[PDB]
Each structure stands twice: as C-alpha cells, then as structure tokens.
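First structure 1, then structure 2: two forms of the same chain, each alone, as structure tokens.
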Structure 1
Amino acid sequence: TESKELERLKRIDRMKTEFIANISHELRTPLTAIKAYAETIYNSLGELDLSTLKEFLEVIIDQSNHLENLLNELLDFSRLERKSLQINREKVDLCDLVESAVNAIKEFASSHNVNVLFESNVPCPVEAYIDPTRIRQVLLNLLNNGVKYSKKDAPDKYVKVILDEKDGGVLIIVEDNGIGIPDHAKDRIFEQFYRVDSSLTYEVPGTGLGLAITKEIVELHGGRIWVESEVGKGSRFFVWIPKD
C-alpha cells in the first residue's frame, strides 16, 4: 500500500493547502470592512446622524459574524484533522430546533427558487439529550446541500425535513428533488474535501468538509448517517440519534 499511501497523502495535502489559501483570503474582506467602518465613525465623532451611526455599526456586526463563521470553518477543520471535536448534551425540543433551522435557510432557498418544508410524523414536543448547536449545524449543512444541489430548470424544487422516532431514538430525514448522487460516489461523499466529480458543471462552490463534519458530529452523538438517492430523481439523507 505504501506506494499508493504516499500518492493518497500527497493528494490530501494539495486540498488542505487550497483550503487554507482560500479561507485566508476570505478572512481579509470582513476585517478590512470592520477597520474602515470603525476608523470612519471614530474620525467623525459627534458629527454624524444617529441613522448613519446605526447603519455603520450594523455593517461592523454583519462582518464580525461573517468573520466568526469563517473562523469556525477553520476551527472545525482543525478539530477534525486532530479528532478533537466535542459535544455537549442537553434536553432540547427537536421540533422547534429543526423549525428554527428551516427559518434560517429560508432566505437562501428563495434565492435559488427552492421551497423549504418541515413535516412531523409524531406529536411535536420531540425531546432528546443532544448538542443543540452542533445538531443545528448538522441540519443546516444538509439543508444547504439541498438548495445548492437542486435541479437547474425544474418546476417545483424543494427541501423537506421529516422528523420521526425509529427503534428507540430519533430519526431525521432531509429530502430533496435535486440532481441526485451517482452510485459510484455513494460512499465517497462523507469523506473530507470530497466533491462530486461533476461539481454541477463547476458552478457550485464548496470546500467538501460539510458532510465530513456532519458525520463526525452525528457519530459523536452515538448515531449514524446514511444516504439514499436515485441517479437523477433526488436525495434522502438519514440521521439517527439515540436519547441518553
């Protein structure tokens, strides 16, 4: 294997480099913006409108969150390669957790003409002892993939979240009529840096970490994640999580 093991590790290193290169340049933009807006407010104290003062500060905050997002992308990668990712379990109502997650990606789905739908197969006070942030992140990664990898010119594009109870834990299904995943890459999608060979004709951007961090979180919960997709009809992502 050694002859190919070098070839494999050498391939990973190229992608690791490209990721750091991209994220470094991305972090520069919000910072520049924060600096400019701060130095402008500072240089012009007591001389500007409350309305202007308000807007300029909102920009400082938006950019701070964007910078935080990117810094989290980097830290998530760091904790993944180091296998240092952790979880904090607490009682959360999953019905409103997925509902809050749906409402967060609604604006992004509208931009790509995609309907966001949440369906519950059981009464809605579904509670489990799980990490609320990290499972929300799992939900958002899957929802984002459903909007990003939808059909190009199709009449009724959707992403649907189906919440149920299987065996003894909780089962979440993220369904989409979208492009579907070819059967050769069915296992490869959860790997680090991996994207579909097509890349949707290179139109869609992505680091390929999404599903790798998702899997890791799901498994740290003592659960498993799998996919069922037809080559050109759509995709169903399956997440099962225990309860204490």
Structure 2
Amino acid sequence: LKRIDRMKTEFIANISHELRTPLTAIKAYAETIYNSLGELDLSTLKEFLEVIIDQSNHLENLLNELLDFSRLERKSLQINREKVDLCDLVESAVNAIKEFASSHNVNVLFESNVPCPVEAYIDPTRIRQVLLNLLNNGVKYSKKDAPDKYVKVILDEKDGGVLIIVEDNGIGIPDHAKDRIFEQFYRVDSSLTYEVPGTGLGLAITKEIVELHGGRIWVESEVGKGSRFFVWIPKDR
C-alpha cells in the first residue's frame, strides 16, 4: 500500500538529527561567549562567532530542503531561465563549498573540455543548487581516513546539450542502491554512514530541477573507487 507514511515518520527523525548537531554548537558557543567575554581574545571571539554563523547556515540548508520538499508534494517547483555563463556559475559553486571542503581535507577541481564562456539558458540559482548538492555529497561521503580526497566538476558539451560530471573519491555506492538514491527520503544506511547528516531529499530535489530543465541525471559508481554523477541539460536559447 502507501508505505509513504512510514517513510515520512523516519523523515521526521532525520530532520531532528540534522537539527540537533548545529544547534548543539550554536547553543554552546553562544552561551560560552556570553559567559567568557573577559577570557576571550578578539581572535577567539571572532572564531566562536564564525562557528555560530557557519552552523546557522547548515540550519538554513535544512530549512530550504523542507521548503523545497513542500514545493515537490505540491508539484509547484518552477525555474526561471536566463542567459547565464555556465563557467562563471560552476566557479561560483566551488567557492561556496571550498571552506566546508577543507573542513574535511578535500580540494575541489573544475576542468572544462570546452572553451569558456559556455552560454546556456538556465535557472542560475537552481543549477548552482544542483552543483552544490553534488559537491556537498562529494565531501560528505569522501573516504574516511585516506588522504588527497577530491571532488571534481567536469564541464562538457555532448549529444546536443551540456554535460556536467561531478566525480569524487567517495566511499562509493552499491549497485543495489544506485537505482534508488534519487528517490525521496532514500538513503544508504551502511556502516560508514553513521554520524553523517542526512535527509535523503537532496538528490530527489536535484533530479526534479534537472528534469524541469528538460535534462536527466544519472550515476555511475563502484564501491571503494568513488562516484560519478552525470547531469545533461539542453542548451536552449
């Protein structure tokens, strides 16, 4: 029947876990500052404030996922296209993930087999969002201890559209799961997915954004080697 109810109840729990960790930081750092102004040098004070700011932006990401989820059940998610240099936009996304990247000892790359600029008629906000989700998963699922971890964006044109690839040194994705990771709420609940923040909404939102552009998304992955996500979008006008 409709197991959707049980999947939404686990959704509630995941929301509560994703809210718990930033809130722990925000509460402890804010009350420490409040009780320690005489013991904080300026450098430590700004550092603690930045934790609050960074943790509150994790919560803003959670907020926007719940709103986008509302826009899926309502089938209301829309896009607004405009003439956009896609090279400057992927470069815009690697700067918004580079700090959170090196937080996990991971660099981000952007090769491009095609001359810049690459003009496409797309919704720059949502495509940037798609890029950030794939980049976020690249570092959120990088190999635990191993070094030189990276996530790479390769921009290219193929089959009468633009082909974006997001490749990483990840834990990998099993083949029994490669065909359902794009579904709402679904998450690989393996061993090495312990304290990993997770809604299971990201790739579903990504998929709907990509298809609204008239494109498709798919993945190729081998456990241990990493993952490659392919986004193909028509160029339009």
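Structure 1 provides the reference sequence; residues are numbered from 1 along it. For clarity, a rigid core is taken as the largest C-alpha set superposing within 1.5 Å between two forms.
Where the chain switches from one rigid part to the other between structures 1 and 2, the hinge residue selected from 173, 183, 73, 154 is 73. After fitting the larger rigid piece on its C-alpha atoms, the remaining smaller piece is found rotated by 32 degrees between structures 1 and 2. For residue 33, the displacement of the CA atom between structures 1 and 2, after superposition on the rigid core, amounts to 12.6 Å. Superposed on the core, the two forms differ at residue 167, whose C-alpha moves 1.3 Å between structures 1 and 2.
Once the core is aligned between structures 1 and 2, the alpha carbon position of residue 69 differs by 4.3 Å; this is the C-alpha shift at that site.
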